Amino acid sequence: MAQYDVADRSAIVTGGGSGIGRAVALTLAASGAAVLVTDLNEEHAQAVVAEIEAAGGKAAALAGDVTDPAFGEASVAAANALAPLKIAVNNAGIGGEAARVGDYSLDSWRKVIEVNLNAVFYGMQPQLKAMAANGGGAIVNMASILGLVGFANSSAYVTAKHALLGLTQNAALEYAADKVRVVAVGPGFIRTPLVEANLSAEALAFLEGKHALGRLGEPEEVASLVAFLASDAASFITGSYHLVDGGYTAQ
């Protein structure tokens, strides 16, 4: 019977057509949030919107690329047109080329920075200004355990994640006075069916060994934290990093 004060407000969830973003959208809607579900995938974004409408919640699907600053502008105006924008979850992420730092391809590095960092930046610009004018809010940026620690062959990913904590802090420092809070969430390895369906049974069991809890997290487990940080309950929580990693980074 978990419910969060996220009503009477619109909420953007970028990359919300699948996995953790989906879990976020559904959870936020199911506490009364007007959820603008944005994604490169028009059809997934609609497929989610349909569940939220079917569950009894308001939700709308903008399709687009977060690397387009204009698309960030157009997700804020679409959200504001459901309810005042008072929530943004910059979740949309790709995993990138699997290569060492000396072998990493300059286009693949640049792509991973563009999406996992710069698109969060482009998205935040019209989120901060909207929330700031309409009296306050909460931006949740989707980082990782790998915004704190390393993992071999995922340098660009590791690097992007790490960058987010600094942009999170700075946005939080700058817009605290406008009562717009900015936090970062830091999951351990989550069973997003991309992961499940990409990994061998041997590989899955290895990562499982990295986390003290002895499993991978579920999307719903990240969403619950995101929803809490996005709520009025977390009114004193800004600029900070929050792990959901079943004890990965504790050793």
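Note that residue numbering follows the sequence shown and begins at 1.
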Check your understanding: Of the two stretches 167-175 and 130-138, which shows the higher Cα B-factor on average in the entry?
Key -> 130-138
Exercise for review: Can you let me know which of the two, 70-78 or 139-147, has the higher average C-alpha B-factor in the entry?
Suggested key: 70-78
Review point. Out of 182, 201, 222, 37, which one has a C-alpha B factor higher than all the others in the entry?
Key: 201
Check your understanding: Ranked by Cα temperature factor within the chain, is residue 86 in the lowest third, the middle third or the highest third?
Key -> middle
Practice item. Could you tell me which third, lowest, middle or highest, the C-alpha B-factor of residue 28 occupies within its chain? Key: middle
Exercise for review: Pull the Cα B-factor of residue 118 out of the PDB entry and bin it into the chain's lowest, middle or highest third.
Suggested key: lowest
Practice item. Divide the modelled residues of the chain into thirds by Cα B-factor and specify which third, lowest, middle or highest, holds residue 92. Key: middle
Practice item. Ordered by C-alpha B-factor within the chain, which third holds residue 245? Give me lowest, middle or highest, please. Key: lowest
